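Note sheet for the following structure.
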Amino acid sequence: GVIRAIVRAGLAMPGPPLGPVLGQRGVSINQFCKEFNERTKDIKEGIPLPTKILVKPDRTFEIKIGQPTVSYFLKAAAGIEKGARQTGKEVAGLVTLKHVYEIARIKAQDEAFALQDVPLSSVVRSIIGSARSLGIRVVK
RNA sequence: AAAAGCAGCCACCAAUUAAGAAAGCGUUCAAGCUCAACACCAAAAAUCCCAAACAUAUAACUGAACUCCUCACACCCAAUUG
Ligand SMILES: [Mg+2]
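Be aware that the first sequence starts at 18, since it is given in the authors' numbering, and climbs by one per residue.
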């Protein structure tokens, strides 16, 4: 019916997360990989991009890609790749306010990513809480 | 190389208008099914089980050599004794 993937854009086509996991349901991996590579080339690579693949009963696909994620997104915005081993103890990310405003503004895009709130405060609160759960803390 | 929500540890925020970084079930692994919440909502052993038997007429009856009623009283213990 519907599957949710998070394979990295730059990553061409692995095996487990796109081979047997999908073969059990019968698919055409060629077209899926081609569309994924096209969407990856359409924008700078090196960032995960979710997707809402719509598996039709006629063995046809209609991929629906979106904006980057939140984990790696904030990890790259703060400047640290690997996260903390124990949070919130092992602090790491220390983001200011202007960067948070900018990242929230550029994230406020795809409606499929839960954008049922008119103001942006409610939306940015979610990513702020997610960062708090991570080894990142909001400065100022 | 993997556990993403349950091989192991951390904090467990918070957007859905209004509620789990997940309380179970099932997944190598994700897939699927529920829940927390919201909208009216005790019996068994060998000859054969063993007293008939009734729930609905007024709390009181029956029941000794125990006590009493007429008379006179020494006349219900092993061994032993007087
Ligand atoms: Mg007498």
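Yeah, the Cβ is synthetic: ideal placement off N, Cα and C, and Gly gets one too.
The bridge partners DSSP lists for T68 are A22 and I82. When rounded, the separation of the alpha-carbon atoms in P65 and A26 is 6 Å. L39 and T113 have their alpha carbons spaced roughly 42 Å apart.
With contacts defined as CB atoms closer than 8 Å, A125 and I153 fail to qualify as a contacting pair.
In this structure, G83 keeps its C-beta atom at 8 Å or more from the C-beta atom of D134.
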